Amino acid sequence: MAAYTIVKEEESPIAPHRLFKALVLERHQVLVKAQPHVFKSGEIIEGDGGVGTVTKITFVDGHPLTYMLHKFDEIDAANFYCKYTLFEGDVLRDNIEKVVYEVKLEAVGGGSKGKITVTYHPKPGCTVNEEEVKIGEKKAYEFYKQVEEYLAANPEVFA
């Protein structure tokens, strides 16, 4: 209050159900698949796949960042809908309390329409860097481009 937020709207030739599974439900695992150079493991530490499930993504040894943990706060997996929060790990940078992601997908002929909102939460009475915004939008977005391309040339996967 006030918080920094991106609002993006995208579309890819990939059906929502395949994207929501690769970029949400099994993200922790798909990150170690598209970027084996920068991530060692991604796991669930308690939970199912439902609100309160916590994941852990661990960086490779020669990376500056250390690990991340996210909590699943709202899933409606049928509707392609997720709100999830980066709460812990060396990743955070000092003026931001958490990062809060809200995803909804929808089908669109042969593919997808995502609307994503990423809200950057400063810690008690601090300010949020705008460089981090641009870094957080480039790192998620390339990863999506790697995944898209990948779900594109193997229709089999998550299909």
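The first residue of the shown sequence is 1; numbering continues from there.
> Between 32-40 and 129-137, which has the higher average C-alpha B-factor in the PDB entry?
Here the higher of the two C-alpha B-factor means belongs to 129-137.
> Decide which of the stretches 22-30 and 43-51 has the higher mean C-alpha B-factor, going by the entry.
Per the PDB entry, the higher value belongs to 43-51.
> Determine which member of 103, 69, 92, 100 has the highest CA B-factor, using the values in the deposited entry.
That would be 100, according to the entry.
> Compare the C-alpha B factor of residue 111 with those of the other modelled residues in its chain, then answer lowest, middle or highest third.
Lowest third - that is where residue 111 ends up once the chain's C-alpha B-factors are sorted.
> Which third, lowest, middle or highest, does the C-alpha temperature factor of residue 142 belong to within its own chain?
Answer is lowest: the recorded C-alpha B-factor places it there.
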